[PDB]
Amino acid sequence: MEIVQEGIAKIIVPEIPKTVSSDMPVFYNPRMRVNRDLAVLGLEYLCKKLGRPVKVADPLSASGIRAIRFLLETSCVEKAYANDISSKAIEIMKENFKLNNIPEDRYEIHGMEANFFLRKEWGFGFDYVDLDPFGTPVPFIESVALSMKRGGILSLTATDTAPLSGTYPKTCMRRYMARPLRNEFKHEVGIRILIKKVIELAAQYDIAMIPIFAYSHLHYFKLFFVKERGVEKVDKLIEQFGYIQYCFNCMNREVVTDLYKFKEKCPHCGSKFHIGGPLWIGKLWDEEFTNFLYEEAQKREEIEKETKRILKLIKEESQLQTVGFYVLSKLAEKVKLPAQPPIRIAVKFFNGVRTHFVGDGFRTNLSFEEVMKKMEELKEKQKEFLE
């Protein structure tokens, strides 16, 4: 019904409403542009890492845009294996592959259920897999992990952020076996929960799915994993499962990996100290991988400017990684700060960095008490220099 261009690719897709949500359940969503940009860059990383032709998988292909962009915008794709259980998805995929002048022997199209497609006896493992489902990726995790080759990378997407973010706690518990926290850094909590789920599902088969990148935007999470083998690597991941105690009254938070160490009352104001998790308390970004994404993105004109700005902010953020973060407006609302300095400036007072999660959010190695102390200080010297 409509032809659109994304990057180097041209595709035929059904017409799209005047406006769409970030997680719009449609055949093709242009608002997922950044997501697909990251996927392309992620594959190019693997290309530079392996230095050889790779086989990539697109189990939930829809229009086939990702597989196509992989073939056109990267250098090492030997063959792309795209799949979709939908018939017209198949038809549209066929026509899109031909529309982009892609040689037949460069790709395969399948109309199987994702898990069947992945668990096929290929005789080889996928170097790169992009899992982009409507809602939760849980039903496909195990099949993906098993189908992937050692050292391979998983490009993952999840749009069921509502349960993960604490809006639907019971739903979150059933699917991810964890208690979410609907706070100012709820999106990070959700991501860390998703990561924990992915790791434990793969851990069942002694497969180590190491998280190397995380990105949250509106109603979708974007994750990157690298598959490794060995029970010791799985163990090292499990050791990085933990809990987050959070206080809704004063926003105090602490990481707990020892079951004996839970506190009922918030040490600061004495309010209820809620428990989030279990979840991933490790690093959200691999410095090298993130840095590559940013540098490689700057070399590509077909990469969205937004993707580049996001990658710059995430690079800055990855150099000071913490569990949870602070939101300036929430802190200021707590201490009634006379004037709120721009977040770029505000972070300096806390020796911290900006976070992509929230506009006025920031990470810092300072303790909660130290942060509040900084707020009071800034508050006092602002009132003091105001006569």
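Start at 1 and count along the sequence shown; that's the residue number.
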(request) Could you check which stretch, 177-185 or 260-268, carries the larger mean CA temperature factor in the entry? (result) 260-268
(request) Name the higher of the two by mean Cα B-factor in the PDB entry, 192-200 versus 115-123. (result) 115-123
(request) Between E239, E78, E304, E108, let me know which has the highest C-alpha B-factor in the entry? (result) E304
(request) Return the residue from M32, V56, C47, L320 that has the highest Cα B-factor in the entry. (result) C47
(message) Quick check on the deposited entry: does the C-alpha B-factor of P278 sit in the lowest, middle or highest third of its chain?
(response) lowest
(request) Comparing against every modelled residue in the chain, figure out the third that the C-alpha B-factor of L43 lands in (lowest, middle or highest). (result) lowest
(request) Sort the modelled residues of this chain by their C-alpha B factor and say whether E232 lands in the lowest, middle or highest third. (result) middle
(request) Looking at the entry's B-factor column for C-alpha atoms only, identify whether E104 ranks in the lowest, middle or highest third of its chain. (result) highest
(request) Grab the CA temperature factor for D160 from the record and place it in the lowest, middle or highest third of its chain. (result) lowest
